[PDB]
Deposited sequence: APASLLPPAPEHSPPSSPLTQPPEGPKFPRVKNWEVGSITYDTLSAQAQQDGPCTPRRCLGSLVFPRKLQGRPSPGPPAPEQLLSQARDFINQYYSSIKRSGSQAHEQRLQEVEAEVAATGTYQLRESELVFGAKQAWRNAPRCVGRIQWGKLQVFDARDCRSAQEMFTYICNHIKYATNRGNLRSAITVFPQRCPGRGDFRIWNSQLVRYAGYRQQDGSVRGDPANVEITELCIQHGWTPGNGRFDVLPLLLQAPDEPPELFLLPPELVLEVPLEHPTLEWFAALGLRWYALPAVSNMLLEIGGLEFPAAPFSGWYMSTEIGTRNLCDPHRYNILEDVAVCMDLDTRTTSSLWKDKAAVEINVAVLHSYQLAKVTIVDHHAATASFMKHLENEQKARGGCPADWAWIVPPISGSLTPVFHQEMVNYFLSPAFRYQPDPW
């Protein structure tokens, strides 16, 4: 009664029993599939808590024990007396790892069990928030030997404002609009750049200016904090055999650190809980450097390669893109900054799929996001059927706080 899932490179077949536990409705119906869309309390808070507690006690191999029975009753009574309830730190750690493990669009999930979870739930001010973030950046960067981490700020609560990081990531490059409708710098960040300026930031004019953080303590206006440049590790981009590539003057930063998603665990919501790992090379070379609405260097590189850019059948776009990705991988390895190419990353996601089939009966996976944006069918994930569903704990999108 469960979905049959085939790998078409090998012929293997598995059945995803985990999808029965799907705690939320997606956008597809038997009459049309919407899987390609980018963006699709009392006895309700309570139902999510019990399910989360069941998961926790299963993970420590104590399902049904007296302590399991007691914590369920204990949470049930803290809800009634207060509305909300508090996670034990061991449950917070487990729940943050689970949100990662559950995230269908992440190809990096082989690593999910080795996340460092920093407990910032006692944080009181924006200044304290900045200190926690700097500690996160320092630990995760680790001089180039990057380590996965998450810092979880206090949960949302009635009677108190939310903690929020206004930036979409901890490290972002400014984007300044030019006369001729072009963006100097990263065009994706034109908006947050406006807000940093309007809140006191002295802007620069480079193509790679690191933005300040806009931090929001409860019921406060957001506060501006400049990142110390010794904290933000960057990589100059160069090509192992095209010496003119270095004269493009391109760079990227080491640490991908998403700061605008909401973390949900057992009914509780943490609207500021930034997390970081390390980059897959296609995110920098193909999306960030090549997209027409980002840095959009593809044709420039093609011309330097002396490719015929007037006819698509030369595959000049395809050739220039591969070489930009080669440059990214070479440059991170040269600078001794962790990076994974899309062949390694997808090979490890296949191992994750095997692991999860044993451990839980399946794995939620969003095929269109797991398959890299270049060379899709040259990777094993392309030939793997996948089932997409929502499990909690989860990372969720949330509205901009402005």
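What the model leaves out of the deposited chain are the segments 1-26, 67-78.
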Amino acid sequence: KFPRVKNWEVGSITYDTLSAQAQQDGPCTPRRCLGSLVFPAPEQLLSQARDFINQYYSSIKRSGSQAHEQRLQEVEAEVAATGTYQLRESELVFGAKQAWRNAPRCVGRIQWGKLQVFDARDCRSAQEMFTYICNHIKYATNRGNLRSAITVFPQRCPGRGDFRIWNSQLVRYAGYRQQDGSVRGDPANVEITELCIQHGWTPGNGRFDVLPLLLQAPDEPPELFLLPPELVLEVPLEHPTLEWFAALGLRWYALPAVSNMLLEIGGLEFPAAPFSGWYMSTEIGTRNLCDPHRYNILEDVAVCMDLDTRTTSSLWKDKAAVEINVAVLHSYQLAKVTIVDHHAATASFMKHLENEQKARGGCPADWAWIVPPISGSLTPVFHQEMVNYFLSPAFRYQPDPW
From here on, numbers count along this sequence of modelled residues.
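Throughout, rigid core stands for the largest set of C-alpha atoms superposing within 1.5 Å between the two forms.
Per-stretch RMS Cα distance to the displayed form in 8 other deposited structures of this protein, following rigid core alignment, is highest for 31-39 when 335-343 and 31-39 are compared. Core superposition of the other structures onto this form places the C-alphas of 69-77 farther off in 8 other deposited structures of this protein than those of the other stretch among 69-77 and 90-98. Here 357-365 and 370-378 are compared by their mean Cα B-factor, and 357-365 comes out higher. Of the two segments examined, 114-122 and 96-104, it is 114-122 that shows the higher average Cα temperature factor in the deposited entry. Highest C-alpha temperature factor among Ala344, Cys33, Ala49, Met350 per the entry: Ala49. Across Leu211, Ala140, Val183, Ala257, the entry's maximum B-factor at the CA atom is seen for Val183.
For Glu91, the recorded CA B-factor ranks within the middle third of the chain. Only modelled residues enter the ranking.
Among all modelled residues in its chain, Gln24 ranks in the highest third by Cα B-factor. Sort the chain's modelled residues by C-alpha temperature factor and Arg310 lands in the highest third, per the entry. Annotation for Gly277: CA B-factor lies in the lowest third of the chain's modelled residues.
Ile53: CA B factor lies in the highest third for its chain, per the PDB record.
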